[PDB]
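Heads up, the chain below is alone and in the form solved without the named molecule; it's given as C-alpha cells.
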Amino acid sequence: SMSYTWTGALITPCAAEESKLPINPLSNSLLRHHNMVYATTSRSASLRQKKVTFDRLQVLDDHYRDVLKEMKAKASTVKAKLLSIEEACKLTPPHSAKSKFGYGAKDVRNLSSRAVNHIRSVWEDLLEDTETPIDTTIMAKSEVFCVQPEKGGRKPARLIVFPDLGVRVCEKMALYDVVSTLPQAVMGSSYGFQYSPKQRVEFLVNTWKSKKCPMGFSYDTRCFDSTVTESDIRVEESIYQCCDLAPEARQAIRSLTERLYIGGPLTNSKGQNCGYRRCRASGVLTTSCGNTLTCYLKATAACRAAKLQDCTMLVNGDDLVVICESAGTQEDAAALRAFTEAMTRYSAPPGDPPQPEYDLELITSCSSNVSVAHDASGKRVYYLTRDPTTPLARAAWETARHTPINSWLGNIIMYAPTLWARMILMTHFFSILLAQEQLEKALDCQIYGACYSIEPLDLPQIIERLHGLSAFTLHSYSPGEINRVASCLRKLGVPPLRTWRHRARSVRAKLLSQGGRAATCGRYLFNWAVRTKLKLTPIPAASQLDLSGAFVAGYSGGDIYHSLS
C-alpha cells in the first residue's frame, strides 16, 4: 500500500509565494545575515513528495494487541458529547480557509444562513453515505527556517492536506470532545499536551529522579504521517468507538474514518486531481489525537518487545520520549536497537536512529530540552528551552512582513523563562510595539495547534501563571545554554547578548513611562535589565485569567480557535 500515488498534476500555490526576506527598517535591527533566512514555497513541493511517498510493510505482534486492548479498556470509561452546530462554529478560526461553496470562516462564526445550511447538509450526508471518499485539497506549507550545515541546502515545504470548511465543522461536532479528552483518559501522565511548559519539565524531572540510574532517549519517526496505515487509522477508530456516543456521532465517526481519515483523493489549488492518499491527512481534527494514540500504542508495545524496564513515556503527537531503567551501557544500546526494530515492524522506522542519554538535559523532544537556572533566591530552578535558530529566524520574518500567525508571541509565551526570549524576543518586539502605538492591539498566535488572540499587554500575567514569578528573576543560566544562544547570534548576525541589555532598559523605562498595564510589563518583563531590582509581588489580574482549555490537548491540523466570542 502506497502512502501516495501521483498523477502528474502539480502542487500549485493559491497566491504569490515569497521565498526570501526583504531588507527592512527593523529586520536588520534584529538579524543582519538575512540571506540565511528563508521561507518554504510550493517550488520545493516535488522534493517533499519524493520523501513521503513509499510502500508500507506492517507486521503486528501480540505485544501490540495487548497494549491496544489495554488502551481500549481505558477509553471505555469516556462519555463524549456531540457538539451543537453553534459550538462547532465558534471553534473555527476567523481566517480559516473558505469553503468552495461560497462562504468562509466569518460566515461560519457568524452562523450565516448559507454556511449553516451547508454545514447541516454535509452532516446529513455523513449519515446517508458510508463509502464515498471525501475530497481534499493538498497545499505546500509556507514555513520559515535558517539554513543548516551543508549549505545552500533548504528543507522542502511540508505538505498539508485538508477537507472543506463544511466537513471541518462537522468533524468538530462529531469528534471535538473525543479528541479533547480521550487522550488523557487513555495514556494519562504520558499525554504531553495536558502539560504547560512548567508542568512538562516538572514531569520529566520527577520521572528522571524516580529511576535508580535513569536512561533516556527520544524517538524520531521518519516522516510519521506517511508511515501511518489504513489499519492504524481503523484501530484508532476502534478506540474512539469505545466511548459512549450519540447515535449520529457514532455514524459520523464511522463515515469520516472510511471516507476521509483512512485516505482519499488529493486535489490541488487549481482544482486538478493530484493523486491519492492512503495515510494520515495532516489537516483533520483527528490528526494530533490519532498521531498521539498511534505513537503511544506502537511505542508502548515496542518497549515490551525490547524488554526495556520501568519505561515512562512522554508523547506529543508523533514526538516521543522515553525515560526508563538503565541495564548497562552496552545492554542499553542493544535494547534501544530492539525498540527500533519493533517500531520499524509496526511501520514506524526512525529518522536518525535513537541514542541513549544519561543527562536529562541532552534529551531533545518537542524541539525542546531541559536546562537549569537559578532564581533571585539562588534556588535551583528547572525550565524548558530550545535552540533559538528557528524561532529567531521567524521573528525576523514577522518583523518585516504581515503574517497571519505571530510565532514570536507564541514563543515568548511558551519560552518566557528562557535567556533568549527575555533578552531578545521581548526586548525586540516591545520597542517595536511601543514605537507603533500597538501594545493594546491583540495579535494571533498558536499554542499546541490552537489559535489564541492575545494583547501583548497581558503577557506578564499569562507568563506568571504558566511559569511562575521566577520567570522574571531567573539568572545564572547554563554554560552550554549560554554558549548555544551566543553561537546562534553569530550565525544569524544578531546583536550579542551584551547589546540587548541597553535596548531593554530603554524600552523598560519607556514602558514604566506610561503606567498601567504598560508599566507592569516594563517592571516584570525587563527586571533582568537593571541592577536596582524592583520588588516583584504577584500580579493582581493573574487571578482571573481564562487559562481554561489552554493546555488540555494538541490540535495541529485541527482548525481550532480559543479566544473570545
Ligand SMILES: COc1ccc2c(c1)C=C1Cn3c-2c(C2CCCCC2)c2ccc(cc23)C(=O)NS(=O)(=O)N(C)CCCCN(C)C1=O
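Just count from 1 along the sequence shown to find any residue number.
A second form of this protein, the form deposited with the named molecule bound, is not displayed here; the remarks below concern that form.
The site on the displayed chain is blocked: the named molecule, placed by C-alpha superposition from its pose in the deposited complex, has three or more atoms within 2.4 Å of backbone or C-beta atoms. Contact check at 4.5 Å (heavy atoms) against the named molecule in the deposited complex: none of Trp6, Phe54 and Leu266 pass. You can rule out all but one of 507 to 515, 34 to 42, 55 to 63, 536 to 544: in the deposited complex, only 34 to 42 has residues with a heavy atom within 4.5 Å of the named molecule. Residue in contact with the named molecule in the deposited complex (any heavy atom within 4.5 Å), chosen from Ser218, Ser180, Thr399, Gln241: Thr399. The partner is absent here; in the deposited complex, the one residue of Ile119, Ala395, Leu285, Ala302 having a heavy atom within 4.5 Å of the named molecule is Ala395. Contact annotation for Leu492: at least one heavy atom lies within 4.5 Å of the named molecule in the deposited complex. Using a 4.5 angstroms limit between non-hydrogen atoms, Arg503 touches the named molecule in the deposited complex. The named molecule in the deposited complex is not approached by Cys170, whose heavy atoms all lie more than 4.5 angstroms from it. Put simply, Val108 is far from the named molecule in the deposited complex: not one heavy atom of it is within 4.5 Å.
Residues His428, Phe429 are the members of 426 to 461 with a non-hydrogen atom no more than 4.5 angstroms from the named molecule in the deposited complex.
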